[PDB]
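Coming up, as structure tokens: structure 1 and structure 2, two forms of one and the same protein chain.
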Structure 1
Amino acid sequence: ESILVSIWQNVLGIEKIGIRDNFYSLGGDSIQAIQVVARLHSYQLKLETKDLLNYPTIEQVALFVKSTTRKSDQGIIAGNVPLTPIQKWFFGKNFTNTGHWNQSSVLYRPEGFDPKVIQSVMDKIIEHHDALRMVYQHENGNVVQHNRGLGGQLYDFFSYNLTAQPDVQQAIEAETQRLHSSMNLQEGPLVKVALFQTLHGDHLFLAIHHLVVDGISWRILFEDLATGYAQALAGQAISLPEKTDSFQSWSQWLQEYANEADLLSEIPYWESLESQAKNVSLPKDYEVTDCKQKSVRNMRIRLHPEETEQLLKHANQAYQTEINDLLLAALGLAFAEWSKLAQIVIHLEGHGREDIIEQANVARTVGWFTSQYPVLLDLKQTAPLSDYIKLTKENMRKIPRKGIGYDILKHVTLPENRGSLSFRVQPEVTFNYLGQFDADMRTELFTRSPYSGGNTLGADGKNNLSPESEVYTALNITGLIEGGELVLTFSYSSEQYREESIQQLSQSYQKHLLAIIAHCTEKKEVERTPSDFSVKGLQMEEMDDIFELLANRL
């Protein structure tokens, strides 16, 4: 608009500029064009100087001025959504009892948790996060997602008094287990809220179906609930943060990206993996084809606080590793000692929200973003530990993007577009390192309930997956920090392994991780590796050639 005309009046030193005038007749030049664009930025408008030069007249150029950042949508979005990779995986795997596949948490607030306040916060949090209203409709024999407006019954609400019952814990356990099973994916609330009142205060149970949440989305939901609760309890109208790009648009962009040349250029890598992974096979104590989830036992190992603190602060420096590189190199040695396999395929969950779509902002978007990608670890070269950590470290940077591309090629990309891929590496061992287990316990307005029991959000959530669903991963390994202790959890079917064989694996894990912490913390110098230098394609033999050669030049 006429902002741009006034900027020509300034930068071309001219008054009474006509609405039609031509930049070169006005005495303009490329030196004026850059200054015009450098002026519009102070109004948050972006214009290309190339467009200003090609279209030298006020109106032609004004038709191409854009805002310097995209405004993400504020409305109540609705309508169809394409199934993202992990959602299509979920409906593909066809669990028995799919409706009861949840995530949950129990909050606590010693000074009480007034019903109408939380109901009003729920009305807002579900209206604002345009994915917690999904419906899965099974039309035409496929499954098709529909995201719906203020059609009523956004969530299911219940309130109970437990103060009169002598066993509060068993009462809340029983009723939360009763809530989990009531999920309808078709035409019903995916969010179940239950308020339990207790002699020492009130508790909030949230259960949300896994198709619409993940760990980051729980951090979003807790901080937006805390802000809404504070706002309403003080008395002002509830004002949640600005909505980033809604899950519908993310799905549409992921459909449109799934066929681009950028993703398909990863095919030679995932081919080079799968063709090499084919015969890699985990031994079992018993051959049994499937097990229901009630067969999942688990067991835990804990590092002491002093060894945990060495891990988190000191041990990374000797190779510039991330925490995962050390936890995986320990898992590698643990499998090498326990199985005596030469090679192993481990599935890694990623946080999923990578910059795959250049315009996309997703940090405030709620949905199931988790990406699955396999990582083949060498166990052959395990002898010199110094050189095994470098090999494992390098694998994690060789992997394209952060593996988000693998699941898109498997479940979204068009079947003629993807070539040699032969997606036959099912999960056997799966790994995920959670950070601080503090997605919950990070605002003073409430805290993780003592009564949480089987309803936790992590791996030890007994209640949130159906007892009669199938075990889709043989070993599921998760780390977390609690009380400043690292706790590594091994979840396995008691029909596929005996307890003494997983106790071996978890003790052999603990010795090899303590070896890696000691090794990387006793090593005084720092040894960078080729992934640390900006040379695209550097290799160890070449990097030590150049570090001999600089020592001979200088």
Structure 2
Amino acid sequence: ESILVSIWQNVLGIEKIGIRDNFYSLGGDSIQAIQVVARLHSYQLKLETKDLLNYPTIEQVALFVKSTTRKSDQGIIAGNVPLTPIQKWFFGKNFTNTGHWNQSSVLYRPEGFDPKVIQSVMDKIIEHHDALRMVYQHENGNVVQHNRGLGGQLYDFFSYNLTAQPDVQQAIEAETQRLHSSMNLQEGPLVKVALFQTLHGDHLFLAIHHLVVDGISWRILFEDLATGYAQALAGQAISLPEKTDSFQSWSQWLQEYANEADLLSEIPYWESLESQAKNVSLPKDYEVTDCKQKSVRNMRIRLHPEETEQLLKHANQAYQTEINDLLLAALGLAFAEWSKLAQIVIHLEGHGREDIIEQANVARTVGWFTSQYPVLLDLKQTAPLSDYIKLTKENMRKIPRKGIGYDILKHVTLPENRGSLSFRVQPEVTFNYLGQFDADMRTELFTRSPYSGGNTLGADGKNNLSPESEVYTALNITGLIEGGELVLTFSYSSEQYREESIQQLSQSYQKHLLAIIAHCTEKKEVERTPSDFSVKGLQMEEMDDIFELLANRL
């Protein structure tokens, strides 16, 4: 390539270098190679000098020139998509009426939301993001995903005027309740859209089957919708950001990664977990083994805005925890008081996307990446609160790759690789902490409809899971910040637990979380723990030795 010739000329100094002259014959060395590569990368081309030396001719090294950044395939893509771990989990959980398992929101726009504009935007949205096209065929009694092309019928659309009814909220609620029943997973759009007109402005309902979307994917979809509507209002060509690596390729690289020995290196950790979790259990107010979503009840507890700001700004520093570490330590103490169990296991939803494949960028990728892993919280030594928060901090750091590996081993690694793993601990309890709501209210061009209804993104959403679906987890605990306050939601099945026992559990949570926020804000020093320092396998028994030796030496 001419660029590479030009670098050789203006680095080796010799002019007129031929297309296959020899780097060592021209007088290169371990330094002229560095000068070539450093110069070359200015053109965004990359070349390890190992290749420049080993293939010391222009004609031979050019076969190893690369672009520094990959261009992710922005084309239209289609075809077979392997199940990801969470999709395989979904089909393996085998709900009744799987065609009604959704996420949604209701948007609002005071000045109106003209149907043709939002239609054109959703069209471009579904042209752009491929995974929203998939269908799930139940071929041969197994399941396979087909990523459809642009063969029309991207999404179902509906439009309504509610001004004839005074109680517009009830009408829009009942209609969105209707739409949730209509996901033809084998053949049809997985995105449903409805627009409700009203004198106070237009309301826009989005609903999407959960198999193809996620909270991060909703933040993306909203800000892309905002920029798309800005383009449509400006009348310019709707032109979304550069497509990041499409979910098909993520599924492929994951299936490839799922059999690498790298993941299997985690296997002794998850074994050391499961071999200890063997006798994990959770009590029930009544002996029952299945429930339906209509049996689920939820209740909320709040901290005051002052305590929420203290938790957000000051409670972390005293231990270099992050927010998750404190909420989860409080959950540990809550169960330690309420259950009086020696141990408990909690399942957490990571956002996935854990940089598992170095060439994979998914920052703009719509899909269901939610990655589930169990964690065992120790409850035996709750007395020294100074240490319980340290212990919980460290266990959260021992989890490899923040837990993306475990459900690959459960669902995708070929079963000879996955060793002794039993996979027979189940999510009786789960905890998650969302960010702020600001993923929804991210922009002023439109906002959350005051008639939001039961159609929230969160597990407090009423309509988005079908009333006949089975309750897959007994306690679902989610935290979020709104109005400047932390809101905790506890979900339970009315047939497994009664109201008084969840009022107990939720107060025994609020108590210990306020205790922890006070304790850690009052502590004015900073302490640190072995995970802070960058010494592999350093321990409390050793870090406080090193800090003893320094204090003695100096």
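Throughout, residue numbering runs from 1 along the sequence of structure 1. What we label the rigid core is the largest C-alpha set whose atoms superpose within 1.5 Å from one form to the other.
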Checklist entry - When the two forms are laid on each other by their rigid core, does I14 show a Cα shift of 2 Å or more between structure 1 and structure 2? => result yes
Checklist entry - Aligning on the rigid core, do we see the C-alpha of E522 shift 2 angstroms or more between structure 1 and structure 2? => result no
Checklist entry - By the 2 angstroms cut-off, has the C-alpha of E499 moved between structure 1 and structure 2 once the rigid core is superposed? => result no
Checklist entry - Can you give the C-alpha shift of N417 between structure 1 and structure 2 in Å, rounded to one decimal, after superposing the rigid core? => result 0.9
Checklist entry - With both forms put on the same core, how far apart in Å are the CA positions of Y24 between structure 1 and structure 2? => result 2.2
Item to check | Per-residue C-alpha deviation between structure 1 and structure 2 [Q74; rigid core superposition; Å] | outcome: 1.1
